[PDB]
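Q: Below is the structure I would like to discuss, written out as structure tokens.
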Amino acid sequence: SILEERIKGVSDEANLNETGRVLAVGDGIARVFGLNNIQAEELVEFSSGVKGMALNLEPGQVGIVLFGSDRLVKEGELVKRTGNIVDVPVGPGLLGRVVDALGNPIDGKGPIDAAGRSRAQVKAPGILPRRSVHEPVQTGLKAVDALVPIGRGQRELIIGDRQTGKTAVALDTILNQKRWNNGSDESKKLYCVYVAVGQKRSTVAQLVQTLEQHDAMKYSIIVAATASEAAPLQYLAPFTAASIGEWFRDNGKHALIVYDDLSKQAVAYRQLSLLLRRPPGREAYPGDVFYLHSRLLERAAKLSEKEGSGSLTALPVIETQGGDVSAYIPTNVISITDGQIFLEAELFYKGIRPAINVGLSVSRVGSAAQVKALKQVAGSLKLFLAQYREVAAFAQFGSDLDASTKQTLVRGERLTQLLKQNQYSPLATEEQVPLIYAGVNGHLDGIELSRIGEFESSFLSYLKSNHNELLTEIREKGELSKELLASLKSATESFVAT
Amino acid sequence: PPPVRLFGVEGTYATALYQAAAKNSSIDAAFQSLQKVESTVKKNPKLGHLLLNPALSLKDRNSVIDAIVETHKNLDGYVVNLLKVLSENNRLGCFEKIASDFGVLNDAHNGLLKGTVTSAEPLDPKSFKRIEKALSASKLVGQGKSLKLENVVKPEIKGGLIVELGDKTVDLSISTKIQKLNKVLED
Amino acid sequence: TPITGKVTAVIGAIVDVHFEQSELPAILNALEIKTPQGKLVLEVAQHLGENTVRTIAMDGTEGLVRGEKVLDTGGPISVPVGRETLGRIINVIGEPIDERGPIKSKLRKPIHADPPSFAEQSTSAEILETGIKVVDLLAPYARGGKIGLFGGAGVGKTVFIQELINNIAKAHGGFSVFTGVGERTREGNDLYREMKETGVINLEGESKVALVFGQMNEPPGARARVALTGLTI
């Protein structure tokens with residue numbers, strides 16, 4: 001009665017449906033008591049000012065991961081539910097913009113023209129709404145195109161030792177996508193979306209400066225979540241990039257998404273999971289890190305023609321710590337991905353720069369998005385190299401060699417020199433097909449190893465001068481006719497050592 | 001230590017309460033006062049069930065105690081110290097749990113068996129009585145222990161009847177006989 | 001202000017206080033527990049509920065009697081900075097431990113601060129050279145850059161850095177900060193002595209150097225916020 005009245009006086013006097021009061025808070029991971037109504041993954045506005053997604057629901061205390069500093073949060077605060085699962089502005093205005101994870105322009109070009117909003121979680125297209133991949137992507141790296149041809153849709157994993165300019169390998173793709181960008185290719189052009197996770201603002205900024213130097217950012221979207229930026233926002237960062245991409249994909253526009261470093265996403269989810277008190281998976285990455293990564297990666301696709309035929313292409317970038325691939329996160333990803341593009345550091349030093357570890361470099365489903373001309377020429381490039389690997393083992397025993405092995409050895413050395421490339425130099429397929437023809441037809445075997453690089457430049461100059469008609473044809477028809485092959489053979493002979 | 005050991009977790013409070021008030025020999029008093037505060041719990045359902053929820057402070061929790069002891073002064077005195085303990089330990093979810101545990105422990109100290117005759121049907125009072133008589137006749141009741149016997153209806157018991165009391169059951173069921181039949185007529 | 005608490009626990013130098021008053025210091029606040037031996041500056045890091053925070057203690061806990069009065073000094077610890085911090089070697093608190101006496105503090109600034117924005121970046125590329133050949137050939141520096149060194153420390157590692165101070169900082173006109181976390185006291189004494197000798201610190205007149213020194217003796221928590229302290233300067 002009066003007792004009940006006094007109890008009523010000290011009571012909460014809120015049903016805590018649609019709201020709830022914080023009860024402890026330390027370590028940036030808050031836990032609130034209340035929130036009887038609450039959708040999972042919802043965004044909840046803390047009275048501090050912070051907004052926080054909710055990843056743990058417990059009957060006691062619902063665990064809302066803060067997106068901001070807890071320095072303005074205090075226990076007993078109210079949080080009032082936004083009532084919306086996380087969402088991003090998506091749209092065409094994103095072209096030429098740096099945007100942070102929450103989808104706020106941090107380029108300082110101010111409010112984005114990104115017409116539409118979407119949700120971070122989107123469920124991947126099924127088998128039924130897809131067509132088979134058959135559309136070339138050429139990165140202007142001869143080894144990549146020849147050995148591990150990239151198709152629009154496909155997931156090709158860039159893996160290799162950290163900070164070997166891992167990012168630079170990807171930037172090369174962007175540079176060759178300049179050729180489409182300039183072009184009237186639109187439905188055939190990739191809008192390149194570079195996602196940068198865990199990296200400092202200055203590194204990213206240097207990259208955007210490089211990109212601006214290369215006058216590419218009329219199709220580049222930079223989604224960023226710098227190292228400073230919050231772990232929840234970092235966790236959320238790949239999936240919100242994915243949604244941004246899907247808008248392009250949905251329009252039938254083809255695009256390509258670089259997820260660099262996906263390895264740092266795993267560290268972020270590790271932090272979250274262990275402070276959501278979730279059981280630790282091996283290597284302290286929770287046992288459902290795979291689920292996060294798998295769902296993310298499967299959202300890049302080549303749609304059916306009834307579904308437009310749009311295609312987001314993915315390139316995840318995984319750092320290998322000590323080149324360790326038996327590590328849980330690398331093992332998991334390898335299974336998920338439809339290519340692996342192992343790089344080799346020793347070969348980087350050996351001067352293949354980029355250095356692709358071509359033995360472990362695979363495109364799991366292989367070729368069907370390789371230029372027809374380029375299929376013909378690089379046919380025995382693999383065989384020669386494979387023989388070269390065996391031959392090289394004998395050669396490093398350093399004994400007198402079988403004559404057959406020295407045919408291989410001599411050719412093989414030149415092949416290695418063909419593989420060597422210089423960072424920030426993309427190359428046109430119309431002029432990469434000739435170089436492979438020359439090599440495979442052993443015209444490079446003659447000229448000394450040192451002057452192969454000179455030959456490549458000069459040969460290209462010679463073709464630019466004289467067989468510039470030939471180059472136009474190779475560009476136009478993308479397969480080598482008998483006449484073109486004969487012209488090309490003759491041309492190589494004509495400029496064999498000049 | 002005082003008769004009947006209960007290994008209750010948060011029932012350690014009940015156990016403690018029991019032995020403490022047994023040594024002060026104010027157990028009947030305790031039980032009665034416990035009944036009275038338990039009654040005032042049931043008769044306080046809004047914010048005495050709906051604010052048994054943990055959200056109370058120390059200071060606010062104490063004031064809930066104060067409102068309850070304003071409602072009645074029939075308290076053991078040891079259970080007023082126990083009320084203090086429960087407020088300080090912020091034991092409030094296992095509050096009626098402790099009450100139940102002390103009640104069982106107490107009425108065990110007094111002596112009183114419990115029992116139930118789960119059945120597939122609600123048996124007669126003649127049946128209740130006849131069975132109760134039978135049970136008292138059986139050496140199971142040795143006196144110093146009384147009995148509660150509730151026949152309950154459970155569809156789950158299929159076949160027979162099941163008598164339960166003193167951790168001693170006779171469980172007649174169809175299922176076990178069906179089981180033997182099935183196994184052998186498939187092998 | 002006087003916002004009382006008691007020290008419920010002292011599990012290491014990660015003291016837990018119970019602010020009796022429901023007025024609870026916010027996270028990253030600073031607290032002064034008064035002691036006969038100075039005071040202790042503690043920093044709220046968790047609220048564990050029931051007005052019981054768990055606080056990092058930036059000083060080496062000992063002697064603590066269970067249930068010790070607290071006073072809230074509020075907010076992130078505000079160090080004292082200035083031209084009168086130049087020359088000084090400053091404690092984590094900011095106390096001039098080289099006993100060139102109190103810093104005439106112009107601005108006292110919070111230990112915690114937020115890194116500049118992506119748009120605020122100004123990305124340099126100006127070559128800084130040392131005159132060390134291996135450095136120049138293999139990995140030439142850039143002024144304003146972020147340089148990094150790895151491997152066993154004080155395996156001449158410290159000496160290598162000292163060589164950098166000798167070269168680069170006797171070619172740098174601006175200010176320079178040496179912050180040594182877990183510094184070897186003798187080496188530090190030598191460095192301080194050398195700095196004073198080479199006029200880099202000159203006791204009379206200006207010093208284009210300021211110093212922060214954190215000894216490895218000092219408890220882990222102190223070492224944790226040595227970095228932030230230097231970073232503020």
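Identifiers in the structure tokens: chain A, B, ... in order shown; residue index from 1 per chain; ligand index from 1 in order shown.
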Can you work out which residues from chain A touch chain C at a cut-off of 8 Å (counting only C-alpha atoms) and hand them back as a PyMOL selection string?
A: chain A and resi 23-27+70-75+106-108+201-202+205-206+228
Q: Please produce a file of the residues just selected, as a tab-separated table (two decimals), in the first residue's frame, where the atoms kept are N, CA, C and O atoms.
A:
```tsv
chain	number	residue	atom	x	y	z
A	23	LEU	N	24.28	-0.33	-17.44
A	23	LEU	CA	24.40	-0.77	-16.08
A	23	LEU	C	25.84	-0.99	-15.78
A	23	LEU	O	26.25	-0.96	-14.62
A	24	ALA	N	26.67	-1.20	-16.81
A	24	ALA	CA	28.09	-1.18	-16.61
A	24	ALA	C	28.64	-0.90	-17.95
A	24	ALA	O	27.97	-1.10	-18.96
A	25	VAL	N	29.92	-0.48	-17.98
A	25	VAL	CA	30.49	0.05	-19.18
A	25	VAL	C	31.93	0.28	-18.86
A	25	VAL	O	32.30	1.05	-17.98
A	26	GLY	N	32.77	-0.47	-19.58
A	26	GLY	CA	34.19	-0.43	-19.47
A	26	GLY	C	34.64	-1.17	-20.67
A	26	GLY	O	34.05	-2.18	-21.02
A	27	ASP	N	35.77	-0.73	-21.27
A	27	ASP	CA	36.42	-1.38	-22.39
A	27	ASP	C	35.76	-1.12	-23.71
A	27	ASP	O	36.10	-1.74	-24.71
A	70	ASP	N	33.99	5.63	-25.09
A	70	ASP	CA	33.15	5.42	-23.94
A	70	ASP	C	33.40	6.47	-22.91
A	70	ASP	O	32.91	6.38	-21.79
A	71	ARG	N	34.12	7.55	-23.30
A	71	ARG	CA	34.59	8.53	-22.37
A	71	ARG	C	33.45	9.43	-21.99
A	71	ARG	O	33.52	10.10	-20.97
A	72	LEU	N	32.36	9.45	-22.81
A	72	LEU	CA	31.17	10.21	-22.52
A	72	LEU	C	30.06	9.29	-22.06
A	72	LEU	O	28.96	9.76	-21.77
A	73	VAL	N	30.30	7.96	-22.03
A	73	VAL	CA	29.35	7.00	-21.52
A	73	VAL	C	29.60	6.82	-20.04
A	73	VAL	O	30.75	6.83	-19.59
A	74	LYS	N	28.52	6.57	-19.28
A	74	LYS	CA	28.55	6.37	-17.86
A	74	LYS	C	27.44	5.39	-17.61
A	74	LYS	O	26.48	5.32	-18.37
A	75	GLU	N	27.53	4.63	-16.49
A	75	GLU	CA	26.58	3.59	-16.15
A	75	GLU	C	25.30	4.27	-15.78
A	75	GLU	O	25.30	5.38	-15.26
A	106	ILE	N	34.98	11.47	-45.79
A	106	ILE	CA	36.10	11.96	-45.03
A	106	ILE	C	37.10	12.54	-45.97
A	106	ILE	O	38.13	13.05	-45.55
A	107	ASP	N	36.75	12.58	-47.28
A	107	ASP	CA	37.53	13.23	-48.29
A	107	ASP	C	37.48	14.71	-48.09
A	107	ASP	O	38.40	15.43	-48.47
A	108	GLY	N	36.39	15.22	-47.46
A	108	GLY	CA	36.21	16.62	-47.25
A	108	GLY	C	35.73	17.24	-48.52
A	108	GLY	O	35.98	18.42	-48.78
A	201	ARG	N	45.79	6.98	-41.81
A	201	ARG	CA	45.18	7.94	-42.69
A	201	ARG	C	46.17	8.42	-43.69
A	201	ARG	O	45.83	8.56	-44.86
A	202	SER	N	47.44	8.60	-43.27
A	202	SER	CA	48.50	9.02	-44.13
A	202	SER	C	48.83	8.03	-45.21
A	202	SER	O	49.05	8.46	-46.34
A	205	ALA	N	46.04	8.18	-47.66
A	205	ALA	CA	46.10	9.47	-48.28
A	205	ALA	C	47.15	9.52	-49.34
A	205	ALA	O	47.00	10.22	-50.33
A	206	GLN	N	48.29	8.85	-49.10
A	206	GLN	CA	49.34	8.74	-50.07
A	206	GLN	C	48.84	7.99	-51.24
A	206	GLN	O	49.10	8.40	-52.36
A	228	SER	N	42.86	4.12	-36.51
A	228	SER	CA	42.27	4.94	-35.48
A	228	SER	C	40.80	4.62	-35.32
A	228	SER	O	40.36	4.39	-34.20
```
Q: Can you work out which residues from chain B touch chain A at a cut-off of 12 Å (counting only C-alpha atoms) and hand them back as a PyMOL selection string?
A: chain B and resi 40-41+43-72+93
Q: Which of stretch 65-120 of chain C end up as strand (DSSP E) when DSSP is run on this backbone - answer as a PDB file with N, CA, C and O atoms, in the first residue's frame?
A:
```pdb
ATOM      1  N   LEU C  71      39.144  11.110  -3.836  1.00  0.00           N
ATOM      2  CA  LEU C  71      38.660  12.392  -4.248  1.00  0.00           C
ATOM      3  C   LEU C  71      38.817  12.345  -5.725  1.00  0.00           C
ATOM      4  O   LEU C  71      39.762  11.755  -6.234  1.00  0.00           O
ATOM      5  N   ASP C  72      37.881  12.971  -6.455  1.00  0.00           N
ATOM      6  CA  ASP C  72      37.836  12.894  -7.888  1.00  0.00           C
ATOM      7  C   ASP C  72      38.499  14.142  -8.383  1.00  0.00           C
ATOM      8  O   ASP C  72      38.009  15.234  -8.118  1.00  0.00           O
ATOM      9  N   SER C  78      46.028  16.118 -16.932  1.00  0.00           N
ATOM     10  CA  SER C  78      46.380  17.208 -17.784  1.00  0.00           C
ATOM     11  C   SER C  78      47.775  17.493 -17.384  1.00  0.00           C
ATOM     12  O   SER C  78      48.062  17.863 -16.250  1.00  0.00           O
ATOM     13  N   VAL C  79      48.697  17.323 -18.347  1.00  0.00           N
ATOM     14  CA  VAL C  79      50.110  17.420 -18.124  1.00  0.00           C
ATOM     15  C   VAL C  79      50.419  18.878 -18.221  1.00  0.00           C
ATOM     16  O   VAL C  79      49.508  19.637 -18.500  1.00  0.00           O
ATOM     17  N   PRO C  80      51.625  19.322 -17.994  1.00  0.00           N
ATOM     18  CA  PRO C  80      51.930  20.726 -18.150  1.00  0.00           C
ATOM     19  C   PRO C  80      52.932  20.791 -19.257  1.00  0.00           C
ATOM     20  O   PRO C  80      53.868  20.000 -19.291  1.00  0.00           O
ATOM     21  N   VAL C  81      52.731  21.719 -20.207  1.00  0.00           N
ATOM     22  CA  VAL C  81      53.533  21.801 -21.394  1.00  0.00           C
ATOM     23  C   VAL C  81      53.923  23.241 -21.477  1.00  0.00           C
ATOM     24  O   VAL C  81      53.394  24.083 -20.750  1.00  0.00           O
ATOM     25  N   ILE C  89      62.919  16.969 -17.692  1.00  0.00           N
ATOM     26  CA  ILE C  89      62.676  15.560 -17.799  1.00  0.00           C
ATOM     27  C   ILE C  89      61.471  15.549 -16.930  1.00  0.00           C
ATOM     28  O   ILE C  89      61.474  16.182 -15.879  1.00  0.00           O
ATOM     29  N   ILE C  90      60.389  14.893 -17.380  1.00  0.00           N
ATOM     30  CA  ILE C  90      59.115  15.014 -16.737  1.00  0.00           C
ATOM     31  C   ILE C  90      58.686  13.634 -16.423  1.00  0.00           C
ATOM     32  O   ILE C  90      58.967  12.685 -17.154  1.00  0.00           O
ATOM     33  N   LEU C 107      49.854  25.950 -20.672  1.00  0.00           N
ATOM     34  CA  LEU C 107      48.734  25.137 -21.022  1.00  0.00           C
ATOM     35  C   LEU C 107      48.974  23.854 -20.324  1.00  0.00           C
ATOM     36  O   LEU C 107      50.082  23.332 -20.344  1.00  0.00           O
ATOM     37  N   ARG C 108      47.914  23.284 -19.732  1.00  0.00           N
ATOM     38  CA  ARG C 108      47.994  21.967 -19.188  1.00  0.00           C
ATOM     39  C   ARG C 108      47.043  21.257 -20.085  1.00  0.00           C
ATOM     40  O   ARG C 108      45.953  21.766 -20.329  1.00  0.00           O
ATOM     41  N   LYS C 109      47.444  20.108 -20.668  1.00  0.00           N
ATOM     42  CA  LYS C 109      46.666  19.529 -21.738  1.00  0.00           C
ATOM     43  C   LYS C 109      46.293  18.122 -21.368  1.00  0.00           C
ATOM     44  O   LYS C 109      47.141  17.438 -20.815  1.00  0.00           O
ATOM     45  N   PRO C 110      45.119  17.607 -21.740  1.00  0.00           N
ATOM     46  CA  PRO C 110      44.684  16.246 -21.446  1.00  0.00           C
ATOM     47  C   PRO C 110      45.572  15.203 -22.078  1.00  0.00           C
ATOM     48  O   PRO C 110      46.014  15.434 -23.200  1.00  0.00           O
TER      49      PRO C 110
END
```
Q: As an exercise, work out the distance from atom CA of residue A:172 to atom CA of residue A:464 in Å and give it to one decimal place.
A: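 Those two atoms sit 22.8 Å apart.
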Q: To one decimal in Å, tell me the separation between atom CA of residue A:289 and atom CA of residue A:237.
A: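 Computing it gives 14.7 Å between the two atoms.
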Q: Got a sec: who's within 10 Å of stretch 380-383 of chain A, counting only C-alpha atoms, leaving out chain neighbours fewer than 2 positions off, as number ranges by chain?
A: A: 146-147, 358-359, 375-378, 385-389, 412, 415, 436-437, 439-441
Q: Could you name the residues that touch stretch 122-132 of chain B at 9 Å or less, counting only C-alpha atoms, but leaving out those on the same chain fewer than 6 positions away, as an NGL selection string?
A: :B and (147-154)
Q: Quick check, in Å to one decimal: how far apart do atom CA of residue C:171 and atom CA of residue C:213 lie?
A: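 For atom CA of residue C:171 relative to atom CA of residue C:213, the distance reads 23.0 Å.
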Q: Would you mind listing what lies within 7 Å of stretch 223-226 of chain C as a PyMOL selection string, with only C-alpha atoms counted and same-chain residues fewer than 4 positions away left out?
A: chain C and resi 92+181+214+218-219+230
Q: Write out as a PyMOL selection string which residues come within 10 Å of residue C:67 when counting only C-alpha atoms, dropping same-chain ones fewer than 2 positions away.
A: chain C and resi 5-10+16-18+64-65+69-70
Q: Take the residues just selected and output them with C-alpha atoms as a compact mmCIF listing (two decimals), in the first residue's frame.
A:
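File produced: result_14.txt:
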```
# COMPACT_ATOMS: atom_id res chain seq x y z
CA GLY C 5 35.08 6.52 -2.68
CA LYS C 6 36.78 3.75 -0.79
CA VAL C 7 39.30 1.30 -2.14
CA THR C 8 37.34 -1.92 -2.23
CA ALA C 9 40.13 -3.88 -3.82
CA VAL C 10 43.74 -3.54 -4.76
CA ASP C 16 38.94 -0.80 -7.65
CA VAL C 17 37.26 2.02 -5.91
CA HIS C 18 33.67 2.24 -4.85
CA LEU C 64 47.05 0.50 0.82
CA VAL C 65 44.63 -0.05 3.63
CA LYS C 69 39.08 7.64 0.80
CA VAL C 70 39.18 8.97 -2.74
```
Q: Run DSSP on the backbone of this structure and report the residues of stretch 34-154 of chain B it assigns to alpha helix (DSSP H), as an MDAnalysis selection string.
A: chainID B and resid 34:42 58:71 78:89 96:110 125:137
Q: Pick out the residues sitting within 6 Å of stretch 154-158 of chain A, and hand them over as an MDAnalysis selection string; count only C-alpha atoms, and ignore anything fewer than 5 positions along from it in its own chain.
A: chainID A and resid 313:317 337:341
Q: Rank nothing, just name the residue among C:222, C:216, C:211, C:77 nearest to residue C:56, using only C-alpha atoms.
A: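 That would be C:222, the residue with the smallest distance to residue C:56.
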Q: Pick the closest to chain C from B:79, B:19, B:88, B:26: which is it, counting only C-alpha atoms?
A: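 Nearest candidate to chain C out of B:79, B:19, B:88, B:26: B:88.
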Q: Let me make sure I understand: among B:89, B:5, B:78, B:27, which one has the smallest atom-to-atom distance to chain C if we use only C-alpha atoms?
A: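 Closest residue, counting only C-alpha atoms: B:89.
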Q: Which residue out of B:98, B:1, B:84, B:22 has the minimum interatomic distance to residue B:34 when only C-alpha atoms are used?
A: B:98
